[PDB]
Amino acid sequence: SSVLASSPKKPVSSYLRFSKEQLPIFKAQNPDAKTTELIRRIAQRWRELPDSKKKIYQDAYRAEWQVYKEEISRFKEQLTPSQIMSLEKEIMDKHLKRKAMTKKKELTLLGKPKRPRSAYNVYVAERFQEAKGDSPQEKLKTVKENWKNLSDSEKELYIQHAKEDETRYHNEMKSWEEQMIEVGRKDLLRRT
Amino acid sequence: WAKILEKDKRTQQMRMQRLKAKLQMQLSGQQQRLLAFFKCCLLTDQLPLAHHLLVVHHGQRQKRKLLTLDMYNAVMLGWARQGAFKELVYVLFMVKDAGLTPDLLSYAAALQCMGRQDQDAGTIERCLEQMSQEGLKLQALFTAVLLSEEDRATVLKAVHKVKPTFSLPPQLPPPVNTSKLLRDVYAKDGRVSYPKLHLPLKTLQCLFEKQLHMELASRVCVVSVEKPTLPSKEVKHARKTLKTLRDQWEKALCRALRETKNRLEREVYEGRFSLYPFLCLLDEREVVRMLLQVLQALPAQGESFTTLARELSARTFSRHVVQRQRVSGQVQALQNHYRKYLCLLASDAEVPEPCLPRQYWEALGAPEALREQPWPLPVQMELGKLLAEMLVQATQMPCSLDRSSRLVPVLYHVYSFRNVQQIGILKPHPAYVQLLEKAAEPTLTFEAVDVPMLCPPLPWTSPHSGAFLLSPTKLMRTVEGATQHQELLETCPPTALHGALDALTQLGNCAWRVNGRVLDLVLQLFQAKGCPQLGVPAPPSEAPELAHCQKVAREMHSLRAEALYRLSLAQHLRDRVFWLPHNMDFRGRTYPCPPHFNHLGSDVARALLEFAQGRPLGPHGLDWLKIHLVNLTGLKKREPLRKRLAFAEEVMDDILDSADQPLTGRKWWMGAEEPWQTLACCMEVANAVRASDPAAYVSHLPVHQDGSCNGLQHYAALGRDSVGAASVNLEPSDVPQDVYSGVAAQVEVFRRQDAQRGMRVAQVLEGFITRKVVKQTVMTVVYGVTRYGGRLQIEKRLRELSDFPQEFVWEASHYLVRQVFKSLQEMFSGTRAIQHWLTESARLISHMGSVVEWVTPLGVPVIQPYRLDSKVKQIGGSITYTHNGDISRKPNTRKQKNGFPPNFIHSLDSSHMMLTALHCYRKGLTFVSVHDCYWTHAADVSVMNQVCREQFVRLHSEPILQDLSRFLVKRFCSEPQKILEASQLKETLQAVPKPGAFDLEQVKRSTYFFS
Amino acid sequence: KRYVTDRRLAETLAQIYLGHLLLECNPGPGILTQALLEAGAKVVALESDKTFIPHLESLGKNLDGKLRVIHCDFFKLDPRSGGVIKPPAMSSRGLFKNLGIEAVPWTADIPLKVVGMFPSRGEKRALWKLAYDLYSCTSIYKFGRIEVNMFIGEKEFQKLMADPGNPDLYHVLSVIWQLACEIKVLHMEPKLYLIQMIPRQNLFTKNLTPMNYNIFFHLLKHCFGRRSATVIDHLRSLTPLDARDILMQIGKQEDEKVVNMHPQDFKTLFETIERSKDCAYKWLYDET
DNA sequence: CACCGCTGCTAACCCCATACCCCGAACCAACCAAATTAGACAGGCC
DNA sequence: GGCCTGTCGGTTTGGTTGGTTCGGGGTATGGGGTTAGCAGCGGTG
């Protein structure tokens, strides 16, 4: 039930066709080379290819573009009365979703200093490995139970290191946020 | 745990490396936008932004071409003002990288950065010798370059380090105008008795402080005259709701403003231009208060989107200039300079030598602060559209009006298709209108520029310095061709304009005050029940099939509004003394700047005002007050002065009765032609006759002397036409010569011929040719041919003739104009010769693709602005408002040819009025001018008439037609190709009509020349 | 101008109109007039050019019956905001009074028939003028549902008959005339289309009357000012009522486009807005 | 005061990407076209 | 030169033209990155 999947797609251009046909051969002759290097050498092959040879791929692409014109026209004509409305809905949604995904990947790529670790986080980091349990969830519940059974004295080191990581996070946040001010991104600073 | 901690540290350092990698990776409309952007960024001190955009444009192949040496000079001057030597050097690197040649402004910026940074004498010397090898001039820098006082100070500090005895040219010795007619005005040889004001120095300083405060606030709050009372609950609730809504609009407007500034800011972070810095030019609170003011004052019917944009742009520019002067120290220098200037006007202060206000002002300094050039039109339009759209989008209100969950925009734009071209209209919500109506706000707000000044205006020292102290005011009103006329006003010699500047300064220095009684009565009628018979609008309660009733209602509402504003300002200025600065049109005619309240208004307006400084009547004061009274009544227009005085003596009882009981007595004044002015003159005459000594009564009422058909007077003077000189009272006579009666008779004979021929209009106009009809008609054809501003007025005067079929009023007005033209050209053949000569000459000049230009006998250059076919349009998401750029392609030959004679006559009458004003000022008389009317105190009416006639004879005594002919010949008969059109043009220009026999000197003995 | 000069076309037209009093516009040479007279029609010729009057009158003198020749330019009758000062321009009240034509109720049948050809360069102008007169119940339509048969150019014909099925030509005149009259093609002369326009008996309703048509015209021009925008966008600038609510009342979705609205959809829109009950005001119309 | 989401951890499993070129789509500055209608002189075209 | 025709902040919207940037099109297995489970809490509204 996806109109976009059945919509006629653009034909492959000349160069992209040459690469689409050459790639399997380069892969057969160099099974262990990384795809990066193979695509690079294929692009060099295309640059070295005489223009008279590229002309063939270009003509094929042009015919494929005519047949694509006919196909896309027929498909546009085939849809229900609100064909233009449905095309606008699907295109708009596609664009907004694409921009959103790009922004999410951007925000994920950034490198903000990790938040402070709590005493519970420290205890889990120190005792999880030796905690018995068949799975990470069961070992995490074990660490949780042993933590709930811990006394106030047994937790002093974890709480101390937790405070130290609070100060560390404070300083690193100061410096990092300053550098972000240098980059003109004062929106990422702490609100108050 | 050092394992995890060290892992975090290592990842942090790698992230730092990633951060290092990220750090590693012919004028035109668009050109005008960019340049205005940089120049604007210099004022907000956002140099990194402008430098960023400039670098981006320079780095792109297709964008580098769009940059200009002036822009690089802008950024460079910014860095020099900031002392960024490295960045300035970088900008210089861009300038050399893109070829082109650095200029005086470039080297001045460099010198500024070195002086501010105190560079070594080796680098300074090397810079001065590289400047010498480049051929640039040291003294041309301080003169040809526009720099602030801080730039000048820093450059001087840098120069005094190598050349301590380096001195700028000795200044500033001002030159005197040697014009033929102004020589005796500026020559020291002569006894001057310049008048002084009645207010003391400290008083003038207090008033100056009040005016300065008012202009700094940019707003004026005046109390509403009338209808304060209202139902107690309704006004209460409506006021509470309006206040809450205004707070909500204030907050929402602040938020929307900040969000918009952020949007534009990010748009500048992108490679696109935006008005960000312009929005950063004025305080956000001032912007919000301005928009809220415009919203409060928006007319219920709506306003043109484009017009609103223009208004917002104008107020933004004004408040920005005010802010710049406020923070640049120009305010204090203006306080000191003006406080010294007040010595010439103050009564208890003397000056070393007598001089005119402009002369003294320039003598004290004259730094004149700094001149700021306005923004390009596309920037003004885009800014207006931004502000308007932001206001509409931000202002919301509930629809429930009198449980208001739903929200609708307060402003909604609709479209008018009356014009074949749809026009955008901004209309307010009807519920909002009803809310403001029920609230009955008892306060009105005016722009500081729309109300009279509380102190003597600034003397006109140049085409860019005048009128209100801080707000910039154009020397010439005419918007069409403003670039041409302004640039020529600055091109002409500074001395050439001395006369006009001194005349406007004199007009502005006239002290005015309000007539308490007249205001009390006019309000009494307005406060209760209007009096349309006496020009007092009636409230909507008196509005009267449905279509006509609605029409009359709308007209009555318009008049009611205008009267509300005028009378409101009058009440605000009741107990204060105020001055009205004057301006000029492209023709030279002077007009008051404050439009709402000024002496150029209607009868009521003229009666509300009187001279603040008095003048003892003297031996003829009373006689002139009575004669003036009769003139205002219009009962003895044809009678001589002596019989007008005798008539005043006869109806003296009706004068006293009318003055004592205006609304309860015999109400004789209500029957006069000018009822309110007649009443005021009756009160003045009563105070004079009832005084212990009438000859010593300090009279404040101005007396008027008007030139009947001043234009025909000028034409009769040019051609020495005896028939004209007699018709228009140029030739002395004991009885007034009414040219309207003779022309009415001739036109009556023509109407007898055509009516004999069976024409319908000629048959219907039988018995309607009267002095007033032909007076306004001739007043039209002379001063106006086409452009039916006054012609509509004549249609009105005919519509007020009940016994006339209104179907022909239009055709009857056209026929009347044509017959007046023909008749005047028949009885005044010489006048027709001059008119045809000027009209034809203008036709030929315009036919060559050049507008008609000339120079008045006082050295004022006049240029006709009629051009056509310039247009360009922006598009804000989405109306597309058009704009008329200043680049003209071809002149409008028709308007030029039809307009040249009338405009020239306007320059002649304006020159005459100016000469009369100056020479009367030498004798200590108070002089103001309304169209053709000359006003003065009853004690000096005779003297004013003397100066009038003398200056008229002196004016027309010169070869105006000859000098004009030779002028047009030299200016327009110089094209080497083609020479044929220059030969026919010269052939027509050298065909100056031969003057008549009339002896101009007779004007000195003509009693009724001006009466 | 345009003149009927072919005898065959004159005969075909005569038989068509015969298919009552006939008002013939701009007969010119009088070929169609003579064809009608020979066919037995009672003809009143409104000739704008006086030079054609003699021969025409001659034809009348040949029949010497009830034919009547008047020097009148039909397209100049009752000038809007005019002083009534022209021979060719006249008053339909006076003309019909002289011709003995009496007004009949709107619901009554067609009292008279007018035939002619639109000006070669004034088709849009004539259509607008006639639209104003009809919706205002003025001019000829003051006497009833006058049947108007007129030759028109092919472009203005297609634009007039266009609708959402052919959006590129759909426009205000299309809506107005398709709602006002039942238009039918009577003949096509190569191309010129002889269109028959008969006012609909049910044009006026309780909420669409000769008293409020101006507001509807304002709405139409307003919407067609930006034909690509959505109907709700324009409505937000036309009424204080909930635009979404109104559009929903007329059974349209929020994404409904202007060009997708049928003439009856516009009519039901206007009548629906006028019908609104719980509002202090319904329209924002304030224009001279 | 309540509400978010990021750390502490794992897990195996799920999910996007550098080398490259070709040309169709698409975003600016500018000119132009449309909609609409009720008697003299000067300009434009032949 | 002679004859015929148009006329006494043109409005905003949008359609074509000359340019120039932007991205969708082809991909592979290898690497990352991912919801579930439980507690704690800095940061935000």
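Every residue number used here counts from 1 along the chain in the order it is shown.
If you check the header, you will see the structure was determined by X-ray crystallography, 4.5 Å.
Yeah, the Cβs are placed from backbone N, Cα and C, and that goes for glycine too.
Copied from Swiss-Prot, the annotated features are:
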- C:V4, C:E47, C:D73: S-adenosyl-L-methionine binding site (BINDING)
Tell me the Cβ neighbour count for C:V4 (S-adenosyl-L-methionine binding site), meaning other Cβ atoms within 10 Å of its Cβ, over all protein chains shown. 22
Cβ neighbour count within 10 Å, max among the binding-site residues C:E47, C:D73, goes to C:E47
Gap of 6 residues, C:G19 to C:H20: Cα distance in Å, to the nearest whole number? 11
Return the maximum Cα to Cα distance in Å (whole number) over the record's S-adenosyl-L-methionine-binding residues: C:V4, C:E47, C:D73. 17
Spatial reach required of the 27 unmodelled residues, as Cα distance in Å from C:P190 to C:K191: 4
Conformational class of C:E47 (S-adenosyl-L-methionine binding site) under the three-state DSSP mapping: strand
